[PDB]
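Colleague: Have a look at this one.
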Amino acid sequence: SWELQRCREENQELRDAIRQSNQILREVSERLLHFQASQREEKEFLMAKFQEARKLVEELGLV
Amino acid sequence: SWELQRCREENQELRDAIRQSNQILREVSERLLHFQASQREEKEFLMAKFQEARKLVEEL
Amino acid sequence: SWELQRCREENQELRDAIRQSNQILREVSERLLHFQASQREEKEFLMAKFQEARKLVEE
Amino acid sequence: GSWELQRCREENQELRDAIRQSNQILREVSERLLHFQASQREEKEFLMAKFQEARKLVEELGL
Ligand code: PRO
Ligand code: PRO
Ligand SMILES: [Er+3]
Ligand SMILES: [Tb+3]
Ligand SMILES: [Tb+3]
Ligand SMILES: [Tb+3]
Ligand SMILES: [Y+3]
Ligand SMILES: [Y+3]
């Protein structure tokens with residue numbers, strides 16, 4: 001049937017779009033884990049500095 | 001004889017799933033854009049802390 | 001003595017400078033904890049909404 | 001001279017050094033936040049790019 005052939009093609013494209021869109025979302029989730037690993041290193045540089053500052057004032061007797 | 005009707009029903013279920021997914025992703029996107037704007041504004045207070053520190057290093 | 005009084009007064013000013021700079025750093029740290037909380041909430045929302053999208057696709 | 005004046009002078013030197021250290025800490029924290037900001041910017045640009053990919057997949061169905 002003309003209409004059945006057309007409908008079958010459209011359904012396969014719809015399935016492909018859903019599958020490809022899920023893969024995009026999966027890649028987003030994985031990459032966000034990488035951004036978070038790098039941002040954990042940033043927090044570590046920052047935390048080291050804030051601890052150095054705290055020690056400075058404790059030691060000067062200013063706490 | 002019901003092959004086309006089956007295919008049309010599948011098409012409708014798939015179109016509805018795509019629409020719902022699009023709605024979800026539109027919500028995420030729009031919320032993240034508004035969030036970036038709010039965060040930019042909130043970061044202005046950090047910028048202000050460092051301007052105060054600069055002024056201090058100068059007045060010393 | 002005169003010299004002791006001058007040194008004590010200078011030390012008060014220096015301590016005040018240190019208090020100010022330390023308080024600025026404490027405010028930065030506190031505000032960064034605000035940012036961390038906000039970002040965690042947005043990450044949780046995104047995760048939840050991606051899961052909802054992954055569910056509509058099941059079946 | 002007195003023992004108490006020598007302490008005061010030693011305290012004065014340690015506070016001067018502490019001010020220089022505090023300034024260094026402030027500077028390093030500022031630099032790190034600029035780097036963290038650049039990281040977050042890249043994360044935002046990545047998310048925008050992936051959402052655009054998904055939208056274009058759906059637009060290309062033509063429905
Ligand atoms: O950027 C400004 O002008 C001010 C400073 C912190 C809040 N907004
Ligand atoms: O002017 C003062 O008295 C302090 C003492 C140590 C050096 N400067
Ligand atoms: Er000592
Ligand atoms: Tb503003
Ligand atoms: Tb000593
Ligand atoms: Tb540096
Ligand atoms: Y929560
Ligand atoms: Y970039």
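Scheme for the structure tokens: letters A, B, ... for chains in order shown; per-chain residue numbers from 1; ligand numbers from 1 in order shown.
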Based on only C-alpha atoms, which of the residues in chain C come within 7 Å of chain B? I want them as number ranges by chain.

Modeller: C: 21, 24, 28, 46, 49, 53, 56-57

Colleague: For chain A, report every residue with an atom at most 8 Å from chain B (counting only C-alpha atoms), formatted as a PDB file with N, CA, C and O atoms, in the first residue's frame.

Modeller:
```
ATOM      1  N   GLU A   3       0.069   4.216   1.322  1.00  0.00           N
ATOM      2  CA  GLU A   3       0.009   4.794   2.656  1.00  0.00           C
ATOM      3  C   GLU A   3       0.772   3.950   3.661  1.00  0.00           C
ATOM      4  O   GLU A   3       1.414   4.489   4.573  1.00  0.00           O
ATOM      5  N   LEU A   4       0.820   2.632   3.472  1.00  0.00           N
ATOM      6  CA  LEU A   4       1.520   1.790   4.480  1.00  0.00           C
ATOM      7  C   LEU A   4       3.043   1.977   4.339  1.00  0.00           C
ATOM      8  O   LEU A   4       3.713   2.090   5.336  1.00  0.00           O
ATOM      9  N   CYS A   7       3.915   5.337   5.876  1.00  0.00           N
ATOM     10  CA  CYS A   7       3.805   5.269   7.326  1.00  0.00           C
ATOM     11  C   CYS A   7       4.975   4.505   7.933  1.00  0.00           C
ATOM     12  O   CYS A   7       5.516   4.917   8.963  1.00  0.00           O
ATOM     13  N   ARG A   8       5.367   3.387   7.317  1.00  0.00           N
ATOM     14  CA  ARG A   8       6.510   2.611   7.809  1.00  0.00           C
ATOM     15  C   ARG A   8       7.811   3.415   7.775  1.00  0.00           C
ATOM     16  O   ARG A   8       8.623   3.343   8.709  1.00  0.00           O
ATOM     17  N   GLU A  10       8.059   6.756   7.902  1.00  0.00           N
ATOM     18  CA  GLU A  10       7.964   7.779   8.936  1.00  0.00           C
ATOM     19  C   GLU A  10       8.171   7.190  10.339  1.00  0.00           C
ATOM     20  O   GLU A  10       8.874   7.773  11.175  1.00  0.00           O
ATOM     21  N   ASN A  11       7.603   6.014  10.600  1.00  0.00           N
ATOM     22  CA  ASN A  11       7.794   5.368  11.901  1.00  0.00           C
ATOM     23  C   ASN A  11       9.263   5.037  12.154  1.00  0.00           C
ATOM     24  O   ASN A  11       9.764   5.251  13.265  1.00  0.00           O
ATOM     25  N   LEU A  14      10.982   8.233  13.089  1.00  0.00           N
ATOM     26  CA  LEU A  14      10.617   8.612  14.451  1.00  0.00           C
ATOM     27  C   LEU A  14      11.409   7.798  15.478  1.00  0.00           C
ATOM     28  O   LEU A  14      11.930   8.342  16.464  1.00  0.00           O
ATOM     29  N   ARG A  15      11.498   6.481  15.263  1.00  0.00           N
ATOM     30  CA  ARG A  15      12.286   5.637  16.155  1.00  0.00           C
ATOM     31  C   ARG A  15      13.755   6.066  16.165  1.00  0.00           C
ATOM     32  O   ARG A  15      14.374   6.150  17.231  1.00  0.00           O
ATOM     33  N   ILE A  18      14.145   9.297  18.217  1.00  0.00           N
ATOM     34  CA  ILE A  18      14.117   9.027  19.649  1.00  0.00           C
ATOM     35  C   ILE A  18      15.421   8.385  20.104  1.00  0.00           C
ATOM     36  O   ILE A  18      15.995   8.776  21.132  1.00  0.00           O
TER      37      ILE A  18
END
```

Colleague: What's around residue 62 in chain A at 12 Å? Count only C-alpha atoms, leave out sequence neighbours fewer than 5 positions away in its own chain, and write the answer as a ChimeraX atom specification.

Modeller: /A:53-57 /C:11-12,14-20,22-23 /D:15,18

Colleague: Around ligand 4, at most 9 Å away and counting only C-alpha atoms and all ligand atoms, which residues are there? Put them as a ChimeraX atom specification, please.

Modeller: /B:40-42,44

Colleague: Please, could you write that set of residues out with N, CA, C and O atoms as a tab-separated table (two decimals), in the first residue's frame?

Modeller:
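selection15.tsv written:
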```
chain	number	residue	atom	x	y	z
B	40	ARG	N	24.76	34.79	37.11
B	40	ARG	CA	25.59	35.94	36.74
B	40	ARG	C	25.37	37.08	37.72
B	40	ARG	O	26.33	37.69	38.25
B	41	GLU	N	24.10	37.39	37.97
B	41	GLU	CA	23.76	38.47	38.89
B	41	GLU	C	24.32	38.19	40.28
B	41	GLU	O	24.87	39.08	40.93
B	42	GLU	N	24.20	36.95	40.75
B	42	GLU	CA	24.68	36.58	42.08
B	42	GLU	C	26.21	36.64	42.16
B	42	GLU	O	26.77	36.99	43.21
B	44	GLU	N	28.00	38.87	40.95
B	44	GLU	CA	28.40	40.29	41.11
B	44	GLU	C	28.82	40.56	42.56
B	44	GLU	O	29.66	41.42	42.78
```

Colleague: Output the neighbourhood of ligand 6 as a list in words, that is, all protein and nucleic acid residues with some atom at most 9 Å from the ligand, counting only C-alpha atoms and all ligand atoms.

Modeller: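 So, counting only C-alpha atoms and all ligand atoms, the residues near ligand 6 are residues 24, 27, 28, 29, 30, 31 and 32 of chain D.
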
Colleague: Around ligand 5, which protein and nucleic acid residues have at least one atom no more than 12 Å from it, if we count only C-alpha atoms and all ligand atoms? List them as a compact mmCIF listing (two decimals) with N, CA and C atoms, in the first residue's frame.

Modeller:
```txt
# COMPACT_ATOMS: atom_id res chain seq x y z
N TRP D 3 61.48 43.78 77.47
CA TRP D 3 61.00 42.54 76.88
C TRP D 3 59.67 42.75 76.18
N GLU D 4 58.81 43.60 76.76
CA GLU D 4 57.48 43.82 76.19
C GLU D 4 57.57 44.61 74.88
N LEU D 5 58.49 45.58 74.80
CA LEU D 5 58.70 46.29 73.53
C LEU D 5 59.25 45.36 72.45
N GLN D 6 60.18 44.48 72.79
CA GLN D 6 60.68 43.49 71.79
C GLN D 6 59.53 42.58 71.34
N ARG D 7 58.64 42.18 72.20
CA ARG D 7 57.50 41.36 71.71
C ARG D 7 56.67 42.17 70.73
N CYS D 8 56.32 43.40 71.13
CA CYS D 8 55.53 44.25 70.26
C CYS D 8 56.16 44.38 68.88
N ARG D 9 57.47 44.60 68.83
CA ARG D 9 58.15 44.73 67.55
C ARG D 9 58.12 43.44 66.75
N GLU D 10 58.28 42.31 67.43
CA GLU D 10 58.18 41.02 66.74
C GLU D 10 56.77 40.77 66.24
N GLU D 11 55.76 41.12 67.06
CA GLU D 11 54.37 41.06 66.61
C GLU D 11 54.16 41.95 65.40
N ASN D 12 54.77 43.14 65.40
CA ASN D 12 54.58 44.06 64.28
C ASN D 12 55.11 43.43 62.98
N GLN D 13 56.31 42.84 63.05
CA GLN D 13 56.87 42.17 61.88
C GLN D 13 56.01 40.99 61.42
N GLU D 14 55.50 40.19 62.36
CA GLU D 14 54.65 39.07 61.95
C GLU D 14 53.33 39.53 61.35
```

Colleague: All residues within 8 Å of ligand 8 are required, counting only C-alpha atoms and all ligand atoms; please report them as a ChimeraX atom specification.

Modeller: /D:41-42,45

Colleague: I'd like the contact shell of residue 54 in chain D - 9 Å cut-off, only C-alpha atoms, skipping same-chain residues fewer than 5 positions apart - returned as a VMD selection string.

Modeller: (chain A and resid 17 20 to 22 24 to 25) or (chain B and resid 22 25) or (chain D and resid 49 59)

Colleague: Let me see the file: selected residues, C-alpha atoms, as a compact mmCIF listing (two decimals), in the first residue's frame.

Modeller:
```txt
# COMPACT_ATOMS: atom_id res chain seq x y z
CA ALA A 17 15.08 10.32 16.21
CA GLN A 20 19.57 9.43 18.60
CA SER A 21 18.05 11.99 21.02
CA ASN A 22 18.50 9.45 24.01
CA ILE A 24 22.55 12.80 23.04
CA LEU A 25 21.13 12.84 26.59
CA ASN B 22 10.61 17.81 23.55
CA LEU B 25 13.99 19.16 27.18
CA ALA D 49 25.30 22.78 21.84
CA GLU D 59 13.15 19.52 13.20
```

Colleague: Nearest to chain B among D:56, D:62, D:1, D:23, with distances taken over only C-alpha atoms: which residue is it?

Modeller: D:23

Colleague: Which residues of chain A have any atom within 12 Å of an atom in ligand 3 when counting only C-alpha atoms and all ligand atoms, and what is the closest pair of atoms for each, with the distance in Å to one decimal? Order the rows by chain and rising number and write it as a Markdown table.

Modeller:
```
| residue | atom | partner | partner_atom_place_in_ligand_line | distance |
| --- | --- | --- | --- | --- |
| A:59 | CA | ligand 3 | 1 (Er) | 9.7 |
| A:60 | CA | ligand 3 | 1 (Er) | 9.3 |
| A:61 | CA | ligand 3 | 1 (Er) | 10.7 |
```

Colleague: Calculated over only C-alpha atoms, which of the candidates D:63, D:48, D:25, D:38 has the smallest distance to chain A?

Modeller: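 When distances to chain A are compared using only C-alpha atoms, the smallest one comes from D:25.
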
Colleague: List all protein, DNA and RNA residues that have an atom no more than 8 Å from any atom of ligand 7, counting only C-alpha atoms and all ligand atoms, and report them as JSON, numbers by chain.

Modeller: {"C": [40, 41, 44]}

Colleague: Can you spit out the residues from that selection as a PDB file, in the first residue's frame, using N, CA, C and O atoms?

Modeller:
```
ATOM      1  N   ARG C  40      24.021  22.019  42.768  1.00  0.00           N
ATOM      2  CA  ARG C  40      23.589  20.637  43.082  1.00  0.00           C
ATOM      3  C   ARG C  40      22.096  20.506  42.792  1.00  0.00           C
ATOM      4  O   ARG C  40      21.729  19.550  42.113  1.00  0.00           O
ATOM      5  N   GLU C  41      21.307  21.486  43.197  1.00  0.00           N
ATOM      6  CA  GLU C  41      19.869  21.383  42.928  1.00  0.00           C
ATOM      7  C   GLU C  41      19.577  21.367  41.432  1.00  0.00           C
ATOM      8  O   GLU C  41      18.727  20.596  40.964  1.00  0.00           O
ATOM      9  N   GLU C  44      20.474  17.949  40.083  1.00  0.00           N
ATOM     10  CA  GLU C  44      19.446  16.951  40.464  1.00  0.00           C
ATOM     11  C   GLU C  44      18.211  17.103  39.576  1.00  0.00           C
ATOM     12  O   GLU C  44      17.660  16.082  39.143  1.00  0.00           O
TER      13      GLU C  44
END
```

Colleague: Tell me, as a PyMOL selection string, which residues lie within 12 Å of residue 40 in chain D, counting only C-alpha atoms; anything in the same chain fewer than 2 positions away does not count.

Modeller: (chain A and resi 32+34-36+38-39+42) or (chain B and resi 36+39-40) or (chain C and resi 35+39) or (chain D and resi 33-38+42-47)

Colleague: Could you save the residues just selected, with C-alpha atoms, as a PDB file, in the first residue's frame?

Modeller:
```
ATOM      1  CA  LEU A  32      28.716  16.431  33.067  1.00  0.00           C
ATOM      2  CA  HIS A  34      33.782  14.995  33.601  1.00  0.00           C
ATOM      3  CA  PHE A  35      33.025  18.678  34.195  1.00  0.00           C
ATOM      4  CA  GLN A  36      32.255  17.752  37.805  1.00  0.00           C
ATOM      5  CA  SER A  38      37.434  19.018  37.006  1.00  0.00           C
ATOM      6  CA  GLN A  39      35.338  21.299  39.230  1.00  0.00           C
ATOM      7  CA  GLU A  42      38.890  23.678  41.528  1.00  0.00           C
TER       8      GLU A  42
ATOM      9  CA  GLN B  36      22.640  31.215  34.218  1.00  0.00           C
ATOM     10  CA  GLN B  39      23.952  33.128  38.706  1.00  0.00           C
ATOM     11  CA  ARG B  40      25.588  35.938  36.736  1.00  0.00           C
TER      12      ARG B  40
ATOM     13  CA  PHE C  35      26.708  28.468  44.644  1.00  0.00           C
ATOM     14  CA  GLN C  39      24.306  23.966  41.321  1.00  0.00           C
TER      15      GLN C  39
ATOM     16  CA  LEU D  33      37.407  31.719  40.659  1.00  0.00           C
ATOM     17  CA  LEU D  34      38.175  33.237  37.286  1.00  0.00           C
ATOM     18  CA  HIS D  35      39.325  29.772  36.149  1.00  0.00           C
ATOM     19  CA  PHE D  36      36.225  28.090  37.711  1.00  0.00           C
ATOM     20  CA  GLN D  37      34.027  30.638  35.952  1.00  0.00           C
ATOM     21  CA  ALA D  38      35.681  29.765  32.626  1.00  0.00           C
ATOM     22  CA  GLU D  42      32.469  25.842  28.856  1.00  0.00           C
ATOM     23  CA  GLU D  43      29.953  23.508  30.568  1.00  0.00           C
ATOM     24  CA  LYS D  44      27.134  25.903  29.656  1.00  0.00           C
ATOM     25  CA  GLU D  45      28.270  26.194  26.042  1.00  0.00           C
ATOM     26  CA  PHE D  46      28.467  22.392  25.802  1.00  0.00           C
ATOM     27  CA  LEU D  47      24.890  21.974  27.167  1.00  0.00           C
TER      28      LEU D  47
END
```
